[PDB]
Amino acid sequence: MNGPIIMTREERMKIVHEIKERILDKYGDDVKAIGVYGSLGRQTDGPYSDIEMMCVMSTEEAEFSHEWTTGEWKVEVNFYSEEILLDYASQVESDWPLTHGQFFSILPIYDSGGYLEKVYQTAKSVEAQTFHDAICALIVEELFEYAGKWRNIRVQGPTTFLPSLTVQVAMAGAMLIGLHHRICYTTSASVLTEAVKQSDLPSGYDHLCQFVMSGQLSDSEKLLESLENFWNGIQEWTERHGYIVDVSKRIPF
């Protein structure tokens, strides 16, 4: 295929409406509400942008999505039960700052009873603890691991992975930041640029983002240290912020 074509918000929107009409002809009374999320729902959609949408079903245990292309453009429509969506909107995870911005950006197209605010609010009312736990997990389950792989790279190679790991790591810290600050990033592309602006940034972070953002990830000696510094900027940050991981137990269970 020729890939994604240039379109206009106006064109995009007609599609939105076309699809909306189809959802209702098909499900009818089973449809509770329909929304536009992403760049479009934000009204910041670019020329090559896609259309993501989310639909709220009456129908229980409902969880499906329909994603397609016409060669020229692509669409994605997710359908959920009113429950399934709420629960989901209530989940803070390692990529929450990436995933959950979708709940504060909905562009309502059809609501039979304010389902869309409900959603938003729910997303909006997350307990602080939840975010803490999520930072903690992210460290054990993620940062730690990368730490290992990068220390082995030094040791036994390969550095052909170094450029890719760094990015992963650059990202990881950003989710770290966001979970900390209860922020969701605009898009996936604004992630680095927005993370590097926040306040209580771990020592070594910005410097790493430098590398990752400039594209100069060719010198593995340097990249090695940054990761190193960052990790240390982290051990600290955690202490001072209270996200202290339980190391104690050799056998957690």
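All residue numbers refer to positions in the sequence shown, first residue = 1.
S.K.: Where do the C-alpha atoms have the higher mean temperature factor in this entry, in 110 to 118 or in 129 to 137?
M.R.: Per the deposited B-factors, the answer is 129 to 137.
S.K.: Averaging CA B factors per stretch from the PDB record, which one is higher: 95 to 103 or 119 to 127?
M.R.: Comparing 95 to 103 with 119 to 127, the higher mean C-alpha B-factor belongs to 119 to 127.
S.K.: According to the Cα B-factor stored in this entry, which of the following is highest: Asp200, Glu194, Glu67, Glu228?
M.R.: Among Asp200, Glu194, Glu67, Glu228, the highest C-alpha B-factor in the entry belongs to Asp200.
S.K.: By the CA temperature factor listed in this entry, which of these ranks top: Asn78, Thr166, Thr159, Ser90?
M.R.: Largest recorded C-alpha B-factor: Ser90.
S.K.: Ordered by C-alpha B-factor within the chain, which third holds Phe144? Give me lowest, middle or highest, please.
M.R.: Within its chain, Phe144 is a highest-third residue by C-alpha B-factor, going by the deposited values.
S.K.: Ranked by Cα temperature factor within the chain, is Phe211 in the lowest third, the middle third or the highest third?
M.R.: Within its chain, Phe211 is a middle-third residue by C-alpha B-factor, going by the deposited values.
S.K.: Within this chain, which third does the Cα B-factor at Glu239 fall in: lowest, middle or highest?
M.R.: Highest third, going by the recorded CA B-factors of the chain.
S.K.: Would the CA B-factor of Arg154 place it in the lowest, middle or highest third of its chain?
M.R.: Top third by C-alpha B-factor.
S.K.: Which third of the chain holds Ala62 when residues are ordered by C-alpha B factor: lowest, middle or highest?
M.R.: Bottom third by C-alpha B-factor.
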